[PDB]
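One structure is given below, encoded as structure tokens.
Note that these values count all heavy atoms, side chains included, but never hydrogens, waters or copies made by symmetry. Throughout, protein chains are lettered first and strands after them, A, B, ... in sequence-line order, and every chain is numbered starting at 1.
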Amino acid sequence: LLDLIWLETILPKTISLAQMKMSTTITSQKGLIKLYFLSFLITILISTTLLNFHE
Amino acid sequence: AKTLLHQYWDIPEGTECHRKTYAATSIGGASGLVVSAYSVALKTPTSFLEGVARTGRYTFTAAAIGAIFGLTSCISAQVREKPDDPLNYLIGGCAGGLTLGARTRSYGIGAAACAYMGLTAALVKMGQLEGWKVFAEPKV
Amino acid sequence: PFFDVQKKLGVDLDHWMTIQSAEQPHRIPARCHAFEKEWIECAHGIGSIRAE
Amino acid sequence: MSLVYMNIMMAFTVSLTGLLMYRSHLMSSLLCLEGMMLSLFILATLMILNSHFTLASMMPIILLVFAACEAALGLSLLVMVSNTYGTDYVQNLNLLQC
Amino acid sequence: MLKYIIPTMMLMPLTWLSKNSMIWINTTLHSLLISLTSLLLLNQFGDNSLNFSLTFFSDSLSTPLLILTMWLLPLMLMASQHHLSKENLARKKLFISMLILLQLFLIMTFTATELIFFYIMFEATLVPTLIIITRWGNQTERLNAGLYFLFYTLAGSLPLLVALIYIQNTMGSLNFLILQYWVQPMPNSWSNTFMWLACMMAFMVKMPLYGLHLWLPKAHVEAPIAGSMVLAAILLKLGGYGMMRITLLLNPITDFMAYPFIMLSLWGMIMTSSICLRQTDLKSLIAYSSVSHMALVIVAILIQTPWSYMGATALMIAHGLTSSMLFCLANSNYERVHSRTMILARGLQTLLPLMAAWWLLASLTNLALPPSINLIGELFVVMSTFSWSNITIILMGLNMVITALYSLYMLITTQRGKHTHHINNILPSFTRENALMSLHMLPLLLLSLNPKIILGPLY
Amino acid sequence: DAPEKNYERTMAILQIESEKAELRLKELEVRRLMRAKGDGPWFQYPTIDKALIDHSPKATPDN
Amino acid sequence: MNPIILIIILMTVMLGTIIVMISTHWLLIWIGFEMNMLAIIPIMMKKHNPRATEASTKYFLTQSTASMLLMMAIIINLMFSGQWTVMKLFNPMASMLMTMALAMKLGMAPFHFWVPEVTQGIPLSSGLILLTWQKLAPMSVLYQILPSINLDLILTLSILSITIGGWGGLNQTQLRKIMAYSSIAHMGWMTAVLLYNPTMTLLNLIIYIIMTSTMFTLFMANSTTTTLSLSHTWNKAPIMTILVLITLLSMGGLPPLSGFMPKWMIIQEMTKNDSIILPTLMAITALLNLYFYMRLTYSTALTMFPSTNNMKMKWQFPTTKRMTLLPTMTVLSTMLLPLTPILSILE
Amino acid sequence: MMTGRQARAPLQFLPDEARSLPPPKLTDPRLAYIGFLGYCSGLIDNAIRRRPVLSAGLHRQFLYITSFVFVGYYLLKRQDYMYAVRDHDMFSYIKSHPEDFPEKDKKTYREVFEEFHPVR
Amino acid sequence: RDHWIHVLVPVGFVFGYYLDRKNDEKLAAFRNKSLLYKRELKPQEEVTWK
């Protein structure tokens, strides 16, 4: 229970599954140029209005 | 969104709970709106109502995380009478982690989010105490 | 990687269009020639940090 | 500053947000790109004529020439895409997702 | 230290220009000559450490680890030349090059005068070990074990890099000799708490600490025998060496930062010995025994009394020899029955009596039979932890009971009882195998005669 | 080696390393002061060369 | 393509880069970027298949948008400064727009969304040019405008690039996409240290170009575009598996290799300026890069994947490829850490 | 950092004040390590083309060794020049600013009170 | 030499010993200058340690 299950679960397995899930969220793009430039517009709007990088 | 962080961090811990909870809610809601905007950007919803449903779900999820975080941290600083103490933000971060687990309708996500968001909120409180800079200005 | 080839070789590839106070065709003055000349002759040689 | 600079910069941002939000046609994207160039042309020209900065009068011409050669390059890309897929739709350019 | 670095590098043309039937004999001979030459490092003094250059020095802590490291290479070549007999000649020379290169990294890891050089060599020792495990390991799990071995160590050590460069910017130097005189007290703050964690968690992973030990019973099991020897004998002791250097700087904050890790190791020496009571894999039993022994070294460094450091360095050397011999005995049975299952080959004293004598002596050194340096290190750690708190004698004694239990359970299970009937490829013990066992055990017994050269800088 | 040799060699080592450490701390302090004040030979980000300025009498006098 | 026309077009790519690197006028900077894109478009369309036309179209749209935002930043600079010297920018809006334009030209996140698509769509030599030579000119402009670069913007772009280039390569089996997400993470590492010490930025760029040139040259010499095609290299040329092993171990940042040099110097110059959290999170995030590098080493060098029968015919033929500077680049990408204080030649 | 120093005289690999500095000896361990890198490049070049590694192309191995030593000698000259420039600027800035570098009143350990923390 | 490979590691040790004894000459800034071991030189002796 400790040293095949829980000490394996808390540090390495949960971190591996979290990086797996974030890897699947990054690279699940549909290859659509419309969506990438629409995200670029949302980026520039957040940088101006929300993050004040032009100030 | 820098003014959201200023109107959060100006208040001492365990003094004015409604404005702490509302400011943390507004920070979390701004974060949820940013996540919602990139989510409806890169992943096209099938309808306009689907898009506003995803936006409302993510924004209310992160705003409820911020609400229960700020509430639990300020109430713990009231009832424990130690304002300069990162254990209050550890408790608030676990409350926000259980909030994220209750919104995702799963227990193990809630336990992982409790642990890591509580450690992250404790680290943010220690950075407020010792003056840790993440975007440190170039000096040498 | 500002490889200053122009100052190395002595060629003037683009220093002529760089400022308004430079040599102009038929000696035409810019409308802010004196102000730019004063700011450049102030800030010359002391670096950006002292110049600001 | 001057009142016309507001409209020329707002024209640049209007053609920007047009270029950053595709509908279907790559040609409309290239039209928004050259509208961005047009607004940049007008804005540079109004500055350089207002300042009486003599030598930079050749600057907007060099801008126009380089960006119209760029536009010719983009039209040739659109032509090769249209000879591949029959149309110029940006949703046909999705082979590189995998 | 250059008179040891240069012959270790000259072992590379010695292993690549050798005749194809001579590449084991030449490397064994000249690594034995380097191991003979290693004894010149015993020029130690009661006040000053043997300080060679701006880059290299050797006190009485690094010197026994150096002699054990330079002694381990011929024994790894003897252990690993039978199961790599049918290997390609080029891949055989690559294996010998990885062993020689790991020794080359270790002998200037322990002698690093400056701490970022220690860090570069310390994390350089991952790469030949990783190549050995993931290339010449036997089963499927060697790739996953190489992943765990790499990504626990780097996860622990990349905060250590930021900590050491911070000390470089604050003190002005990471020379250990200068930091013996420019050490400042480290007070209580959260900044210094994470300073302590960044300086200590890499070495806690390398010891290993209980709870972070999960790289070890896969890396030590899925390695070949030379990998298992170097991992059990030197690469766990890199962590204790780094702790004994870096806890110079962490005072007085260690006096209350040590409590969770002292609890983890005092309870991990009970739990991993209990795990050893119920192992089916013999090689995993030796792996969890290594965790159980290094828990005491962690407690002895964290309580930082002189008796604790003396017992910890004695126990590090003793455990290096003992665990290397236990893995070699496990390999000597694995090369006959082709299984690491401990219950499979039974009754082996009826078949291999002198090899069973080597099993008996390694199980007696594992249970810390006096006057072995196993018992010397064990006993000094128990003295210092008793002076720390009088209630730690319960945990130390209960650990010693379970340690004797799994040591003699290993002995009785593999060697005693009726032999397994359906196993008939039990060859007699080769001269290579018995010579390997004796070259482990005989220095470990001769060090009981004159044990002062393995008791560290403060004997 | 002798205790004399090891001792005096250790003293030479400690001198060289203490001097390098003092020079590193001074190097950090010099970098901090030269980035803050901007009056050293470092961090001299360029301004416009005043040799480019035309000093001839122009077409109109008011300049 | 005609070899004369190929040589002239590569000289025009290099000419646009040099015009950005030497010129003191903003119009000539913009001209250099225009010439560079205009000349590199045929290199991407060298093979004339629809993936190259798609990749060239996506590259055109991104670099064209960045060139127009660059000219808008230049025009706002001409408003608020009346001049054209390539130095600091005299308005935070011009600085923001120029930092966005250079972030789009480098393909740093969140403008990164073209780099794996365009790198997958084009051959390995043109992908090498895109991921090594096309990083030179925008880093030169960022090297020159750094008294006006907003710190929070450039560090946001940097850490977002490192994180997204870490998570992006974990899902990949195509080698060109692995190299592209490696590019995004390393550009984050370069721009994170820029306002602190840009000499370490140039050190990271040089070590990165050496290692990426080594990996693309090994991938060209073995003609492998996927993980599983690289897996047959042990049965074809076993020295190539050794070289890709040591180069992938270098690019992961392991000592004693020279890919540890840039990140160690970046952490070294960011802790001087009292930033501890940020280089620590950057270093921990680079373990993802090391993870998919070790995935490739497992598939290539440390294990032997199954081959096919037709490899026996390829045993009978040597490589007649011009593996240009491959031993030199392999030595420089691995054995350069004892020469770490050589970085002062970039001061 | 030092980019305004080498901006009055641009693109000089070794300036005229670099000649006031002693050159690296040809038995420099750094330069010998670069020659070892040339020998390693020769060995990899014989290996990737499946030539005999130690024997084939001794002219080619020797040109690898020679070319790396030839480049690395000037690289070491520029390295020593730039660190000499760094120390020269450091010392002149300390000399021009005595108010920013006060000579520290050093106390001996008979006056220095350090808090003793017992290990027990 | 028929057995020329058996003098790689021993000549390597001789060369490393030579380089250590050479580096001891470069670290000689306190030879006969330490407050513990400074002394007047014996005749027919120019250095106290080599």
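Ring pair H112(G)/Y181(G) is tilted by interplanar angle, where 30° to 60° counts as tilted. Below 30°, between 30° and 60°, or above 60°: for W264(G) and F260(G) the angle between ring planes is below 30°, a parallel geometry. Taking the six-membered ring where the residue is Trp, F118(E) and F122(E) present parallel rings, their angle staying beneath 30° rather than reaching 60°. Ring planes of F327(E) and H220(E): perpendicular class, angle over 60° (limits at 30 and 60°). Using cut-offs of 30° and 60° for the angle between ring planes, the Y210(E) and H213(E) rings count as parallel.
Minimum interatomic distance between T125(E) and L102(E) (heavy atoms only, all atoms of both residues): O-CD1, 3.4 Å. Summarising the geometry of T132(G) relative to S213(G), their closest heavy-atom pair is CG2-OG, 3.8 Å, with the distance given to 0.1 Å.
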Inset, instruction - Please step through side chain to side chain contact (heavy atoms under 4.5 Å, CB included) for the pair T129(E) and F105(E), ending with a clear verdict. - result: CA-CA 11 Å; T129(E) 306; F105(E) 287 162; over 6 Å; no
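At most 12 non-hydrogen atoms from other residues, nucleotides or ligands lie less than 6.0 angstrom from NZ of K21(A). Dense packing is recorded around OH of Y148(E), with more than 12 heavy atoms of other residues, nucleotides or ligands lying under 6.0 Å away.
Within the 3.5 Å criterion, the main-chain N or O of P224(E) finds no donor-acceptor partner in the side chain of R142(E).
Here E222(E) pairs with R340(E) in a salt bridge; the nearest charged N to carboxylate O distance falls below 4.0 Å.
The distance from the NZ atom of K177(G) to the CD atom of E117(G) is 6.0 Å, given to the nearest 0.5 Å. Between atom CG of residue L160(G) and atom OG1 of residue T285(G) there is a gap of 11.0 Å, rounded to the nearest 0.5 Å.
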